[PDB]
K.L.:
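First the structure, then my questions, so here it is.
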Amino acid sequence: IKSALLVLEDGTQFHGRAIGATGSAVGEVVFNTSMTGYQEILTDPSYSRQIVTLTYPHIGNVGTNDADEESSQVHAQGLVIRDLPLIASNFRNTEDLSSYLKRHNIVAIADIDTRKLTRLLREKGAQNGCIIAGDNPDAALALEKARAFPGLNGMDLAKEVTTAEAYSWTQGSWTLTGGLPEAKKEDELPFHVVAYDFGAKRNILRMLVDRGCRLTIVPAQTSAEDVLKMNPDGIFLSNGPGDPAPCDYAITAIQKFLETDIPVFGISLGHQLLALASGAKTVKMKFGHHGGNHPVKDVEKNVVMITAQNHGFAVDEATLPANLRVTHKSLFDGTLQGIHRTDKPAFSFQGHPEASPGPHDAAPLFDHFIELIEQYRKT
Amino acid sequence: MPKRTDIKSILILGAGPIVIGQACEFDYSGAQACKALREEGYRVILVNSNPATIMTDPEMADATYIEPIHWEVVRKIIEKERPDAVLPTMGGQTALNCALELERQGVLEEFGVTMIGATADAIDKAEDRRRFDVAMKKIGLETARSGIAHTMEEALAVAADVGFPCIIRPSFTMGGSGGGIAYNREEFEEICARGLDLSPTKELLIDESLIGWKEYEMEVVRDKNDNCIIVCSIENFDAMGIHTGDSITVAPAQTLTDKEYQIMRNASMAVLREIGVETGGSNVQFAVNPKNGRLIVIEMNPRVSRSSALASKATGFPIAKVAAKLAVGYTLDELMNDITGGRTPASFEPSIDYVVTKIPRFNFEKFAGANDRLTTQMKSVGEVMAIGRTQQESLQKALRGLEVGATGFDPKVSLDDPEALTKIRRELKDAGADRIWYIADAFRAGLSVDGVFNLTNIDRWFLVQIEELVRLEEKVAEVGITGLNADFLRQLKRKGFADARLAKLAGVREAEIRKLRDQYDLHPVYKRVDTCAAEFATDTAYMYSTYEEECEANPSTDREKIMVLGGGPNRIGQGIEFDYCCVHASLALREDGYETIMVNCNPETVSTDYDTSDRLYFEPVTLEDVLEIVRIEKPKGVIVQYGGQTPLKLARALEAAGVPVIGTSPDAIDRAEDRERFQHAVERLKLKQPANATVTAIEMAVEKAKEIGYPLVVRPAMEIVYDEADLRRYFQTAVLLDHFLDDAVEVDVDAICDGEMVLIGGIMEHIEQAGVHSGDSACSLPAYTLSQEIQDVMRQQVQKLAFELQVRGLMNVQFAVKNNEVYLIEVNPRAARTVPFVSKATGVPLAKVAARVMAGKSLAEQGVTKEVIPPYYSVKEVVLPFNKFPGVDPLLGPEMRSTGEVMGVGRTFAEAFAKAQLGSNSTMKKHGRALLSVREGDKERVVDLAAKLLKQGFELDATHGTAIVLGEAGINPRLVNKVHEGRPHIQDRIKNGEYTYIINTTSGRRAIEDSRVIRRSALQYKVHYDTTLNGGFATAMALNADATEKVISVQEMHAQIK
Ligand SMILES: Nc1ncnc2c1ncn2[C@@H]1O[C@H](COP(=O)(O)OP(=O)(O)O)[C@@H](O)[C@H]1O
Ligand SMILES: Nc1ncnc2c1ncn2[C@@H]1O[C@H](COP(=O)(O)OP(=O)(O)O)[C@@H](O)[C@H]1O
Ligand SMILES: CC[N+](CC)(CC)CC
Ligand SMILES: NCCC[C@H](N)C(=O)O
Ligand SMILES: [Cl-]
Ligand SMILES: [Cl-]
Ligand SMILES: [Cl-]
Ligand SMILES: [Cl-]
Ligand SMILES: [K+]
Ligand SMILES: [K+]
Ligand SMILES: [K+]
Ligand SMILES: [K+]
Ligand SMILES: [K+]
Ligand SMILES: [K+]
Ligand SMILES: [K+]
Ligand SMILES: [K+]
Ligand SMILES: [Mn+2]
Ligand SMILES: [Mn+2]
Ligand SMILES: [Mn+2]
């Protein structure tokens, strides 16, 4: 018996078993509905400071592998599951989940009523929590830490996960037959996109590259100036953790780029930053959107796409400046999903066109970007 | 775009009688569609020869046609109701096939009927295997190496190329009908001959083997706006090589990485797009090589299916309802999600927080000479479904819900058996129905997970779990009841262990384990199905039990409640009939204001549709599971008489545990069920019954027998012994003893008793004599040969029995009329399988009435007090599964083997029988040559049947003795050689298509075994045959009618009722 315990800000306790590292974990507790994709989830920087709860009971069926990592490390503060399978059973597995958690030093708990947990978050909204995995988990202690948690509202996490120094990326997408392909030669990529690293998932880069983009990844706080100097064919605003609002630097730079004719495209966080930079307002959702089955309607074309979502904040639709046009809304809740500048070649999407994990339905969002780029170069 | 307005009326093609591979799922679907289209304001017309379906209930549609599902007949309905459109995707293969025939025949063109849901081309694209194959290569999807064949020669060449073993799959068939796996040339020719003949398009697809690869399915829904969703993914437990229908399956998929799952999800959408399904759902099947994720597309079914039903129950997403709507122009974004309170749209992919497991139900014990190994052709007769928070919990609950007597992983071989590993091994390597239990035996015997893997190809992910459960069992056995502390017990419960399984392991009574749980306050909690993994709230109470923290039951204190116990999985003898009853009890009581709670776990039924009741517990129908429900619901009453044997057997224990059982008492039930108790009652009643006697020993039997007199009905199975020597003979192979009433009419009587009066629901006279099970006999309502005088006697005896036995609700009484005397065969104090047919024939909803009676409202209070005698004839005929097990002698007897039935409505008996015969898929013709080969005792009446055939234009052949008898009466048939007599003989004559009709009656074990080749060939070569003289006469009468001449709707039929 290796005990683990999870306690929420509200006093609610979940007694289970330790499946990862010994220790404690404090963060915002979220629930994620994805039936497949747990590794990609965990490796998503957007999960920084969040304890992730998966609604699908069996987590770890396929083990883990390096191609399924969305970044260089495990970003989740902790993991909460109903059941860890006895074995991993997939030809692609390189290490069982538990071993993987131990290695990444992740505090994880299994064997708890995740549905209860989920219903609580839904009904009563996100809550901060603490997971304690060890010999005698002190519940009063857990309760303490949870309570002491600051909270993600107004918390800028982008700065914490951003790359120290710039760098180049020219690698494309994995294939069944070829796996993760070798990085391309710069000469092989037609365009040059400069990407703000607010905690970017590797698949975004991979997919842009697939589209002919050579990339330069920059720290979250890179200056527009320093950026404009590179002569980018396009500017990409990555996804990332925490409150987008406290990111004055980015908002400021973004505003600088908008005075220009350079194509701009943001995903999730970058979508909110764009919105802010355009004068919109962002809010923190009751519990957010985390899952891969979320219906999103493209209002112009009147079609629905099933998407991957990972967001705790949203852009208010009622506060939209006239220069921002609404391109997509959630079918689950009508919340704002996409916007396009009516005057500038700038647009964004709240969900994840790059999925990873999830439905490929929204991939085409990228395409528009390319188009913009191609046409920006025609000048 | 919203609903279609260029359409007002819609014809829905129902599926027909239940058969292996095409079951209840279609009534669930048909009913969903009816409902959906009805709510949309369309006029609904439907055709279904199967009377035991909710979809044929008059109040479900506008024009209900219970007529043979033949294009000529359907044309008559069309021409007659002039529907604007036709929805052919809700009736299995029968609907697809009919749709295309109506199309082929110009019928649709003729009356301007628009095909909705799926187009004829769409259908053909998926149904024609060649077309399908071309379509996949065109979208860059991989298919097994294969070849198309339209003749044997072609076939052989494809084989020469793919090699053995190879997979044979007919075009235009499903459920593996006409297919199989050929491991050799011999098997190859047989299967091939079989499918070319069965294929509606005389075409086969022959593939190389992918046996052992992983098998996957995906349920897809697509709208005209091109919106597309995956409603559910299924991972099969049994590998490629064993039909999905006969496989243990689970949802959602378990062993695919997200990357592999997207590729498959993408492929699935591509396929519908390429095939052309634009407004509806479809099933797409795949094969995955576990070693490298290599994906292969296997097939696609352009309609709802058995999987779509499972899928709808698994997720809470009503696929068929949605589909019907889409078929009328609606788009997904426009429909609301039912279970989420309409809060979200139907355009989303469900996510579930539990594991769903389905286990097929077989009936091999009813088909002795049959090959009982699982293959690509379905052999299962039903299926159970279970929901659990974990796979182990899910699996185990399903095992206990299967109604095979298992309590979970009960052992099949003894630990001390020296040959155990060898038996285990074979069972593993060559799957049969019991494979699952053998897997657990293997672990007890010392086989490793890798060892088991190697033989079964079942993914280790599942195997390790079973192994872990075995190890848990060993601990239980070791620590005994003493070791059953709270923690351990909780642990065991969380893993799905039944109190019964634990009791056996700890060598105590089940009640002891239960009690212990009570002590520890160890009870399950209930979770609800919601399509979204708790992301949104639900206003529906579709629940399942699990051992966890939070309970979502929130039972009302408001309403008086009534619990209806279902029958679990369908099996031969326990079909949809019993479910139709459960449904009607629920609908009626709810309408009456009670809060209705349904307890069932059959994924194919309307009873397990959340719409059917106020609250649904999708649980195994067991004492353990029921008591837990009761424990928290505290209902006013519980109905155990409507679900078949399953709930019937729990009756006593339920009451004993203080459950409030309504209707006929558990004691009363036993009085009727216990032969002895029954014999006294009869006696006390001064009623006639065959002479009988329990014989212990052999010799005690040969003497008693003398007493009783031959022939004898040896019920321990069932057999008819004709002579002393037969007795010992049987005994050798082999106790109640009963004089077999030879040359008797069998009669069934359905009735209701309210304690005050008895209402005769219907007197049905069987066509086949006593001795051929009633479940396998065609029958007529009203009787077609019984005198009123004698029926009046039966009516009086039913009443005498009703009052004496204390019946309260339904009852069914069976007689044998011999020499103007009534004899009693048995009393079934509960809803019988004839209840739907009678209700349909008479317009009276017996199950609705009897359910009200049981709940407390008298027959007088309801205004249902007089027996109804329709102005037309109602004939019920059955469908038998022999074609699925060609090694079995296709003859009728005292044991039931039929899977379903159809109803025929006529102005006359001949007319009803003709429509019933046709509806049953009879290949009977009105010309040709008939072969007569009858038993001694029939030789006399044969003459007349022979005259009849003659006057009809038939030519005749006959075997020796029969010919001798005809000649003497002036009839000279053409003599035919018996197989041993020389050549040519009947087999040759049959094989060479010389006959269009066969009448062959036999008597005696030896004589039967000998004549086996006639029946077998007849069935093989598709020649209509009767195995009873009584049946021959009936067939003869129908020769005089025309089943396509006139059609009538249920509403019209019921209006004619005065
Ligand atoms: N190439 C193959 N090798 C082995 N088994 C196969 C192959 N193709 C199909 N099967 C098996 O046969 C079953 C029936 O084939 P399917 O195409 O689905 O026919 P049906 O339409 O009658 O259901 C599949 O569920 C699968 O287990
Ligand atoms: N004494 C008998 N004489 C003739 N036929 C009989 C006799 N007893 C039973 N049968 C035949 O056997 C069938 C099954 O017997 P029954 O007692 O009703 O068994 P079950 O419980 O399976 O319904 C009947 O429907 C009937 O054809
Ligand atoms: C499976 C249903 N049938 C073919 C579609 C065979 C009995 C009806 C004729
Ligand atoms: N009602 C039973 C089916 C009849 C079949 N033709 C037979 O006579 O054997
Ligand atoms: Cl818990
Ligand atoms: Cl078929
Ligand atoms: Cl391969
Ligand atoms: Cl067989
Ligand atoms: K726990
Ligand atoms: K029309
Ligand atoms: K098909
Ligand atoms: K191929
Ligand atoms: K299978
Ligand atoms: K299938
Ligand atoms: K009979
Ligand atoms: K019976
Ligand atoms: Mn099929
Ligand atoms: Mn199939
Ligand atoms: Mn009977």
Side-chain angles (χ1 to χ4, degrees), chain B residues 16-23 93-94 170 173-180 190-191 193-195 197-198 243 245-246 361-375 377-382 433 570-573 575 717-718 767-768 771-778 877-902 916-924 931 933 986-987 990-991 995 997-1002 1008-1028 1031-1032 1035:
Chain B
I18 305 299
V19 286
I20 275 159
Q22 195 181 266
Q93 194 75 23
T94 294
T173 77
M174 57 91 145
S177 318
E190 183 203 334
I191 299 155
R194 181 165 61 244
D197 206 37
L198 192 58
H243 195 288
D246 275 4
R361 187 61 158 75
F362 299 96
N363 267 129
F364 291 111
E365 69 295 333
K366 296 176 153 277
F367 307 104
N371 166 303
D372 63 4
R373 303 287 103 186
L374 309 184
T375 188
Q377 173 224 294
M378 274 179 71
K379 286 171 195 194
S380 55
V381 299
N570 300 121
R571 318 86 95 149
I572 282 160
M718 282 200 218
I767 279 64
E768 288 90 356
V772 156
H773 203 278
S774 61
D776 289 354
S777 300
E877 178 60 283
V878 308
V879 305
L880 306 128
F882 299 128
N883 65 334
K884 303 279 176 186
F885 311 106
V888 174
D889 183 359
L891 98 154
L892 309 170
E895 168 183 63
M896 187 176 173
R897 280 93 95 233
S898 75
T899 56
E901 72 194 46
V902 306
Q917 168 176 107
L918 178 65
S920 70
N921 199 220
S922 162
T923 52
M924 182 67 181
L931 166 70
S933 189
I986 68 121
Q987 197 277 341
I990 296 172
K991 168 181 27 96
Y995 306 123
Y997 178 56
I998 291 161
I999 166 66
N1000 161 228
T1001 75
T1002 296
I1008 284 174
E1009 309 172 315
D1010 285 352
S1011 31
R1012 165 222 218 69
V1013 54
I1014 292 111
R1015 299 175 298 273
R1016 297 206 38 212
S1017 308
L1019 179 69
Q1020 180 179 160
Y1021 301 106
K1022 321 278 177 81
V1023 177
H1024 180 87
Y1025 72 100
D1026 297 324
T1027 61
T1028 76
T1035 285

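Chain A is the first sequence line, chain B the second, and so forth, proteins listed ahead of strands; every chain is numbered from 1. Basis for what follows: all heavy atoms, side chains included, without hydrogens, waters or symmetry-related copies.
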K.L.:
Check whether any side-chain N or O of B:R1015 sits under 3.5 Å from a backbone N or O of B:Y1025 as a donor-acceptor pair, and report yes or no.
P.N.:
no
K.L.:
Taking all heavy atoms of B:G179 and all of B:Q377, pick out the closest pair and write down the distance.
P.N.:
O-CB, 3.6 Å
K.L.:
So, does B:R1016 use its side chain to make a donor-acceptor pair with the main chain of B:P886 at under 3.5 Å?
P.N.:
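Such a contact is found between B:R1016 side chain and B:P886 backbone.
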K.L.:
If I compare all heavy atoms of B:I20 with all of B:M378, which pair ends up nearest, and what's the gap?
P.N.:
CG2-O, 3.4 Å
K.L.:
Roughly how far apart are B:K991 NZ and B:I986 CD1, rounded to 0.5 Å?
P.N.:
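Taking NZ in B:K991 and CD1 in B:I986, the distance rounds to 11.0 Å.
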K.L.:
Can you tell me how far apart CZ (B:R1012) and CG (B:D1010) are? Round to the nearest 0.5 Å.
P.N.:
11.0 Å
K.L.:
Are the side chains of B:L880 and B:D776 in touch, meaning some heavy atoms are under 4.5 Å apart?
P.N.:
yes
K.L.:
Are any side-chain N or O atoms of B:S777 and backbone N or O atoms of B:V772, one a donor and one an acceptor, separated by less than 3.5 Å?
P.N.:
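Checked: pair present.
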K.L.:
Between B:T899 (side chain) and B:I18 (backbone), is there a donor-acceptor pair under 3.5 Å?
P.N.:
yes
K.L.:
Between B:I1014 and B:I990, which heavy-atom pair has the shortest distance, and what is it?
P.N.:
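Where B:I1014 meets B:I990 most closely, the heavy atoms are O-CD1, 3.7 Å.
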K.L.:
Give a yes or no answer on whether the side chain of B:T923 reaches the backbone of B:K1022 with a donor-acceptor pair at less than 3.5 Å.
P.N.:
yes
K.L.:
What is the minimum heavy-atom distance between B:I572 and B:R897, and which atoms define it?
P.N.:
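Answer, listing the atom of B:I572 first, then B:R897: CD1-O, 3.6 Å.
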K.L.:
Minimum heavy-atom separation for B:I998 and B:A1018, please, with both atom names.
P.N.:
CD1-CB, 3.8 Å
K.L.:
Can we say B:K379 and B:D246 salt-bridge, meaning some charged N sits less than 4.0 Å from an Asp/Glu carboxylate O?
P.N.:
no
K.L.:
Taking the side chain as every heavy atom from C-beta outward, state whether B:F362 and B:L374 have any pair of such atoms under 4.5 Å apart.
P.N.:
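Side-chain contact under 4.5 Å: yes.
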K.L.:
Is the closest side-chain heavy-atom distance between B:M718 and B:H773 below 4.5 Å?
P.N.:
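No, their side chains stay 4.5 Å or more apart.
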K.L.:
In Å and rounded to the nearest 0.5 Å, what is the CD to OG1 distance from B:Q917 to B:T1035?
P.N.:
4.5 Å
K.L.:
Does the B:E901 side chain pair with the main chain of B:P17, one donor and one acceptor, at a distance under 3.5 Å?
P.N.:
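Not at all, since once roles are kept as given, no pair shorter than 3.5 Å links the two residues.
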K.L.:
Hey, could you give me the CG/CG distance between B:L891 and B:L1019, rounded to the nearest 0.5 Å?
P.N.:
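Nearest 0.5 Å value for the CG-CG distance: 11.5 Å.
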K.L.:
With rounding to the nearest 0.5 Å, note down the distance linking CZ in B:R571 to CD in B:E365.
P.N.:
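Answer rounded to 0.5 Å: 10.5 Å.
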K.L.:
Classify the ring geometry of B:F885 against B:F364: parallel below 30°, tilted from 30° to 60°, perpendicular beyond 60°.
P.N.:
perpendicular
K.L.:
By the definition side-chain hydrogen bond (donor to acceptor under 3.5 Å, both in side chains), identify the one residue from B:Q93, B:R194, B:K884 that meets it with B:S177.
P.N.:
B:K884
K.L.:
For the residue pair B:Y997 and B:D1026, confirm or rule out a side-chain donor-acceptor distance under 3.5 Å.
P.N.:
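Side chains of B:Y997 and B:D1026: pair found under 3.5 Å.
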K.L.:
Side chain of B:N1000, backbone of B:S933: donor and acceptor closer than 3.5 Å?
P.N.:
yes
K.L.:
For the side chain of B:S898 and the backbone of B:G775, is there at least one donor-acceptor N/O pair under 3.5 Å apart?
P.N.:
yes
